[PDB]
2 protein chains.
Amino acid sequence: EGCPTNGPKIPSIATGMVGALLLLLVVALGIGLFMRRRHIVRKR
Amino acid sequence: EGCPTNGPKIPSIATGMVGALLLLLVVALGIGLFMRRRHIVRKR
């Protein structure tokens with residue numbers, strides 16, 4: 001409408017962004033350890 | 001001088017958000033599997 005190229009804005013929506021970002025990372029980690037299904041790691 | 005940085009919308013900044021969200025999830029998963037196969041020394 002005026003400047004589609006750029007336009008940084010930090011509205012109140014940040015709540016969902018910050019919460020989603022943190023939750024997302026936690027979800028990935030959990031799944032990784034879950035799928036692994038291993039408690040006794042091998043020894044070199 | 002009045003700059004709450006308000007602006008609830010979907011600007012071009014989405015590029016970084018979408019890319020960061022996907023990359024973040026991938027980072028968490030990798031670390032999880034890495035740490036799982038990585039022993040943990042005591043006194044750390």
# chains A, B, ... in the order shown; residues from 1 in each chain; ligands from 1

$ calpha_fit_and_write --fixed "chain B" --moving "chain A" --output "mmCIF file with N, CA and C atoms, in the first residue's frame"
data_model
loop_
_atom_site.group_PDB
_atom_site.id
_atom_site.type_symbol
_atom_site.label_atom_id
_atom_site.label_comp_id
_atom_site.auth_asym_id
_atom_site.auth_seq_id
_atom_site.Cartn_x
_atom_site.Cartn_y
_atom_site.Cartn_z
ATOM 1 N N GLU A 1 7.277 8.112 11.706
ATOM 2 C CA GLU A 1 6.528 8.940 10.769
ATOM 3 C C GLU A 1 5.204 9.391 11.380
ATOM 4 N N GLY A 2 4.694 8.603 12.321
ATOM 5 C CA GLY A 2 3.438 8.937 12.967
ATOM 6 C C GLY A 2 3.339 8.370 14.370
ATOM 7 N N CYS A 3 3.723 7.108 14.525
ATOM 8 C CA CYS A 3 3.675 6.448 15.825
ATOM 9 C C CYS A 3 4.761 5.384 15.935
ATOM 10 N N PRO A 4 6.017 5.832 16.085
ATOM 11 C CA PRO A 4 7.168 4.934 16.205
ATOM 12 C C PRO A 4 7.177 4.175 17.527
ATOM 13 N N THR A 5 6.519 4.741 18.535
ATOM 14 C CA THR A 5 6.452 4.117 19.849
ATOM 15 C C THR A 5 5.942 2.684 19.753
ATOM 16 N N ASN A 6 4.746 2.522 19.194
ATOM 17 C CA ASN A 6 4.147 1.202 19.042
ATOM 18 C C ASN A 6 3.545 1.034 17.650
ATOM 19 N N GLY A 7 3.041 -0.164 17.369
ATOM 20 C CA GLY A 7 2.444 -0.432 16.074
ATOM 21 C C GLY A 7 2.554 -1.891 15.675
ATOM 22 N N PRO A 8 1.708 -2.738 16.277
ATOM 23 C CA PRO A 8 1.695 -4.177 15.996
ATOM 24 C C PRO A 8 1.170 -4.491 14.600
ATOM 25 N N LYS A 9 1.951 -5.245 13.835
ATOM 26 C CA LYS A 9 1.564 -5.620 12.480
ATOM 27 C C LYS A 9 2.040 -7.031 12.148
ATOM 28 N N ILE A 10 1.116 -7.869 11.691
ATOM 29 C CA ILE A 10 1.442 -9.244 11.335
ATOM 30 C C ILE A 10 1.307 -9.471 9.832
ATOM 31 N N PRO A 11 2.282 -8.957 9.067
ATOM 32 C CA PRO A 11 2.294 -9.092 7.607
ATOM 33 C C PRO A 11 2.565 -10.524 7.160
ATOM 34 N N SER A 12 2.763 -10.705 5.858
ATOM 35 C CA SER A 12 3.028 -12.028 5.302
ATOM 36 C C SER A 12 4.434 -12.497 5.663
ATOM 37 N N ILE A 13 5.235 -11.585 6.202
ATOM 38 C CA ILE A 13 6.603 -11.904 6.592
ATOM 39 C C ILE A 13 6.628 -12.958 7.694
ATOM 40 N N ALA A 14 5.485 -13.157 8.341
ATOM 41 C CA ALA A 14 5.374 -14.139 9.413
ATOM 42 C C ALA A 14 5.935 -15.490 8.979
ATOM 43 N N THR A 15 5.807 -15.793 7.691
ATOM 44 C CA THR A 15 6.298 -17.054 7.150
ATOM 45 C C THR A 15 7.761 -17.277 7.518
ATOM 46 N N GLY A 16 8.580 -16.248 7.320
ATOM 47 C CA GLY A 16 9.992 -16.352 7.637
ATOM 48 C C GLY A 16 10.252 -16.367 9.130
ATOM 49 N N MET A 17 9.425 -15.646 9.880
ATOM 50 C CA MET A 17 9.571 -15.578 11.330
ATOM 51 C C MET A 17 9.271 -16.931 11.969
ATOM 52 N N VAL A 18 8.093 -17.473 11.673
ATOM 53 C CA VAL A 18 7.687 -18.762 12.219
ATOM 54 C C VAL A 18 8.646 -19.867 11.791
ATOM 55 N N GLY A 19 9.038 -19.845 10.521
ATOM 56 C CA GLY A 19 9.951 -20.850 10.009
ATOM 57 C C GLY A 19 11.340 -20.727 10.600
ATOM 58 N N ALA A 20 11.790 -19.493 10.799
ATOM 59 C CA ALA A 20 13.110 -19.242 11.363
ATOM 60 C C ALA A 20 13.150 -19.594 12.845
ATOM 61 N N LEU A 21 12.079 -19.263 13.557
ATOM 62 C CA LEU A 21 11.991 -19.544 14.985
ATOM 63 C C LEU A 21 12.067 -21.044 15.251
ATOM 64 N N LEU A 22 11.274 -21.811 14.511
ATOM 65 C CA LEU A 22 11.252 -23.261 14.663
ATOM 66 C C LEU A 22 12.588 -23.872 14.254
ATOM 67 N N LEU A 23 13.101 -23.446 13.105
ATOM 68 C CA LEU A 23 14.373 -23.949 12.601
ATOM 69 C C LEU A 23 15.509 -23.618 13.564
ATOM 70 N N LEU A 24 15.471 -22.415 14.126
ATOM 71 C CA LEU A 24 16.496 -21.976 15.067
ATOM 72 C C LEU A 24 16.565 -22.911 16.270
ATOM 73 N N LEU A 25 15.417 -23.153 16.892
ATOM 74 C CA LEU A 25 15.347 -24.032 18.054
ATOM 75 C C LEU A 25 15.911 -25.412 17.729
ATOM 76 N N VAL A 26 15.543 -25.936 16.564
ATOM 77 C CA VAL A 26 16.014 -27.246 16.133
ATOM 78 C C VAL A 26 17.525 -27.251 15.938
ATOM 79 N N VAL A 27 18.056 -26.135 15.445
ATOM 80 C CA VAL A 27 19.489 -26.009 15.212
ATOM 81 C C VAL A 27 20.265 -26.045 16.524
ATOM 82 N N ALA A 28 19.775 -25.308 17.515
ATOM 83 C CA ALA A 28 20.420 -25.258 18.822
ATOM 84 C C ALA A 28 20.473 -26.641 19.462
ATOM 85 N N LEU A 29 19.342 -27.339 19.445
ATOM 86 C CA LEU A 29 19.259 -28.674 20.025
ATOM 87 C C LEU A 29 20.251 -29.620 19.356
ATOM 88 N N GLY A 30 20.231 -29.647 18.026
ATOM 89 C CA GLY A 30 21.135 -30.511 17.289
ATOM 90 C C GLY A 30 22.588 -30.272 17.647
ATOM 91 N N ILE A 31 22.996 -29.007 17.645
ATOM 92 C CA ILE A 31 24.370 -28.648 17.971
ATOM 93 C C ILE A 31 24.737 -29.102 19.381
ATOM 94 N N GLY A 32 23.821 -28.894 20.321
ATOM 95 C CA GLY A 32 24.067 -29.290 21.696
ATOM 96 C C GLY A 32 24.388 -30.765 21.826
ATOM 97 N N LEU A 33 23.567 -31.605 21.204
ATOM 98 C CA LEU A 33 23.769 -33.049 21.254
ATOM 99 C C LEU A 33 25.013 -33.453 20.469
ATOM 100 N N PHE A 34 25.285 -32.728 19.389
ATOM 101 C CA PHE A 34 26.446 -33.010 18.552
ATOM 102 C C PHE A 34 27.742 -32.722 19.304
ATOM 103 N N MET A 35 27.830 -31.529 19.883
ATOM 104 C CA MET A 35 29.015 -31.129 20.633
ATOM 105 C C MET A 35 29.227 -32.039 21.838
ATOM 106 N N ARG A 36 28.130 -32.461 22.457
ATOM 107 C CA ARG A 36 28.197 -33.333 23.622
ATOM 108 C C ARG A 36 28.951 -34.619 23.297
ATOM 109 N N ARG A 37 28.631 -35.212 22.151
ATOM 110 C CA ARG A 37 29.276 -36.447 21.725
ATOM 111 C C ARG A 37 29.245 -37.491 22.838
ATOM 112 N N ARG A 38 28.047 -37.785 23.333
ATOM 113 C CA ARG A 38 27.881 -38.763 24.401
ATOM 114 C C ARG A 38 26.591 -39.558 24.214
ATOM 115 N N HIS A 39 26.694 -40.878 24.328
ATOM 116 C CA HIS A 39 25.536 -41.752 24.172
ATOM 117 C C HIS A 39 25.248 -42.507 25.466
ATOM 118 N N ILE A 40 26.289 -42.728 26.261
ATOM 119 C CA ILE A 40 26.147 -43.438 27.526
ATOM 120 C C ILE A 40 26.283 -42.487 28.710
ATOM 121 N N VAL A 41 25.148 -42.065 29.259
ATOM 122 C CA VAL A 41 25.140 -41.156 30.397
ATOM 123 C C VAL A 41 25.514 -41.884 31.684
ATOM 124 N N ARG A 42 26.235 -41.192 32.560
ATOM 125 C CA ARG A 42 26.659 -41.773 33.829
ATOM 126 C C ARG A 42 25.452 -42.163 34.678
ATOM 127 N N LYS A 43 25.696 -42.957 35.714
ATOM 128 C CA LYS A 43 24.632 -43.402 36.605
ATOM 129 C C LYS A 43 24.888 -42.938 38.035
ATOM 130 N N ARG A 44 23.847 -42.428 38.683
ATOM 131 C CA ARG A 44 23.960 -41.947 40.055
ATOM 132 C C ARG A 44 24.020 -43.115 41.036
#

$ select_by_dssp --residues "chain A" --states "alpha helix (DSSP H)" --output "number ranges by chain"
A: 14-36

$ write_last_selection --atoms "C-alpha atoms" --output "PDB file, in the first residue's frame"
ATOM      1  CA  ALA A  14       4.656 -10.933  19.865  1.00  0.00           C
ATOM      2  CA  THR A  15       2.988 -12.902  22.660  1.00  0.00           C
ATOM      3  CA  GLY A  16       2.115 -15.704  20.259  1.00  0.00           C
ATOM      4  CA  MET A  17       5.455 -15.490  18.467  1.00  0.00           C
ATOM      5  CA  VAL A  18       7.625 -15.710  21.584  1.00  0.00           C
ATOM      6  CA  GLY A  19       5.389 -18.378  23.087  1.00  0.00           C
ATOM      7  CA  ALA A  20       5.261 -20.384  19.868  1.00  0.00           C
ATOM      8  CA  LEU A  21       9.013 -20.139  19.291  1.00  0.00           C
ATOM      9  CA  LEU A  22       9.841 -21.420  22.776  1.00  0.00           C
ATOM     10  CA  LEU A  23       7.136 -24.094  22.697  1.00  0.00           C
ATOM     11  CA  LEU A  24       8.266 -25.204  19.238  1.00  0.00           C
ATOM     12  CA  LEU A  25      11.865 -25.759  20.339  1.00  0.00           C
ATOM     13  CA  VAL A  26      10.663 -27.720  23.369  1.00  0.00           C
ATOM     14  CA  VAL A  27       8.434 -29.850  21.143  1.00  0.00           C
ATOM     15  CA  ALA A  28      11.282 -30.769  18.796  1.00  0.00           C
ATOM     16  CA  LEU A  29      13.571 -31.765  21.666  1.00  0.00           C
ATOM     17  CA  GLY A  30      10.912 -33.897  23.328  1.00  0.00           C
ATOM     18  CA  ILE A  31      10.082 -35.734  20.111  1.00  0.00           C
ATOM     19  CA  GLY A  32      13.755 -36.366  19.412  1.00  0.00           C
ATOM     20  CA  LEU A  33      14.345 -38.023  22.777  1.00  0.00           C
ATOM     21  CA  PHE A  34      11.017 -39.847  22.537  1.00  0.00           C
ATOM     22  CA  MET A  35      11.675 -41.323  19.093  1.00  0.00           C
ATOM     23  CA  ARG A  36      15.208 -42.234  20.168  1.00  0.00           C
TER      24      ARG A  36
END

$ decode --residues "chain A" --atoms "C-alpha atoms" --output "CSV table (one decimal), in the first residue's frame"
chain,number,residue,atom,x,y,z
A,1,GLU,CA,0.0,0.0,0.0
A,2,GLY,CA,3.0,2.3,0.6
A,3,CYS,CA,6.1,0.3,1.5
A,4,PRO,CA,5.8,-3.4,1.0
A,5,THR,CA,9.5,-3.8,0.7
A,6,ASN,CA,10.2,-3.3,4.4
A,7,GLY,CA,8.4,-2.3,7.5
A,8,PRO,CA,9.5,-3.6,11.0
A,9,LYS,CA,6.6,-3.7,13.5
A,10,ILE,CA,6.5,-5.4,16.9
A,11,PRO,CA,2.7,-5.4,17.8
A,12,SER,CA,1.1,-7.3,20.7
A,13,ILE,CA,1.1,-10.4,18.5
A,14,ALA,CA,4.7,-10.9,19.9
A,15,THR,CA,3.0,-12.9,22.7
A,16,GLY,CA,2.1,-15.7,20.3
A,17,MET,CA,5.5,-15.5,18.5
A,18,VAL,CA,7.6,-15.7,21.6
A,19,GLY,CA,5.4,-18.4,23.1
A,20,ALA,CA,5.3,-20.4,19.9
A,21,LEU,CA,9.0,-20.1,19.3
A,22,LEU,CA,9.8,-21.4,22.8
A,23,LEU,CA,7.1,-24.1,22.7
A,24,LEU,CA,8.3,-25.2,19.2
A,25,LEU,CA,11.9,-25.8,20.3
A,26,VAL,CA,10.7,-27.7,23.4
A,27,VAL,CA,8.4,-29.9,21.1
A,28,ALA,CA,11.3,-30.8,18.8
A,29,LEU,CA,13.6,-31.8,21.7
A,30,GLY,CA,10.9,-33.9,23.3
A,31,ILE,CA,10.1,-35.7,20.1
A,32,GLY,CA,13.8,-36.4,19.4
A,33,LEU,CA,14.3,-38.0,22.8
A,34,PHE,CA,11.0,-39.8,22.5
A,35,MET,CA,11.7,-41.3,19.1
A,36,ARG,CA,15.2,-42.2,20.2
A,37,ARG,CA,13.9,-44.5,22.9
A,38,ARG,CA,17.3,-44.9,24.5
A,39,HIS,CA,18.6,-44.5,28.0
A,40,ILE,CA,21.9,-46.4,27.9
A,41,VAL,CA,24.3,-44.8,25.5
A,42,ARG,CA,27.1,-46.9,24.0
A,43,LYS,CA,30.7,-46.4,25.2
A,44,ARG,CA,33.7,-45.6,23.1
